[PDB]
């Protein structure tokens, strides 16, 4: 897992056939998958297929070893300990598990604080908890670009029980000052939860630097892994507090008809046969990312955002999110005046340019901006400035087409 010499983006594109067929700017929805990751999964399926849990036999020994290796690889990627990594199906499961597993700690009137730009998965579970338990759900103030008011964050966070924030917005591309928010939460004694679904694999994600108590991410996005695998980081300090929401096979020490005994993390939290192929694929993605380097990925994406946003300004096409590109990830949301985003996306698709349109599972963002949705181009290290120029040529013809 060390960086290698390589040409970006050429050397990455070589491993991804779809890059030869379409201009894929829908990375926020899901990334394209490199051949080495598919080969790693295929190897499991065809060469060492077996359940884990240290079955006596050789195949289970090899699957168990690779599963464990994958969990270590994920731990190392985010700066956590092996035992603090739990595998889930996606970020959404991970976040819901936090709310279910911590539900018992709240008293009527306690406070939960989040941002107004959260993806539905990092809003709904907290709304349900607040409604059921009579809690206060408060939102840090921010502007239409996604920039949070840190003075308001300090006020809001004081006396909060739990703070949940996204690292990067999937609709705006704003990169929040998570390290600062985490500091405020820990200085105020609040539990700090981070939705890293749009940051992981696109920039540094480190639990210690973020002051995270819980952190969630999805394999299928930035990390260039498969679908059906997500991660939930649980800081060891919460092992005596967090109630496993899902229990059963693989989570126990002892069981009888009258009760049962739970084992230790991380198995205590992983009920049933895990997504063994998916964890292996994710580890593979992470290794692939490590070879490239998160610094190269960040830098490439910034070049793409810079040219895209500048192009759109030359076309008088309004774009959303921060103007300071230092705080803008590889996501450019925009709109063509007079045209519904779905129509724009359709035109782009006719030109083999894949973008997403709509509310992006972020209705409160759309409502705050007073818009119905946006068109969204989102990048990864394999996207090229040439593709951005094709895109801008198409948007130019669209715009002139009135």
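Positions refer to the first chain, counted from 1.
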Do the C-alpha atoms of 54-62 or of 26-34 have the higher average B factor in the entry?
-> 54-62
For the stretches 125-133 and 270-278, which has the higher mean C-alpha B-factor as given in the deposited record?
-> 125-133
At the C-alpha atoms, which of 89, 328, 81, 107 reaches the highest B-factor in this entry?
-> 107
Selection by C-alpha B-factor (highest) of 230, 189, 101, 285 | 189
Lowest, middle or highest third of the chain for the C-alpha temperature factor of residue 173?
-> lowest
Among the modelled residues of its chain, the C-alpha B-factor of residue 302 falls in the third labelled middle
Once the chain's modelled residues are ordered by C-alpha B factor and cut into thirds, is residue 263 in the lowest, middle or highest one?
-> middle
Would you please rank residue 94 by its C-alpha temperature factor against the other modelled residues of its chain and give the third it falls in: lowest, middle or highest?
-> lowest
Lowest, middle or highest third - CA B-factor, residue 238 | middle
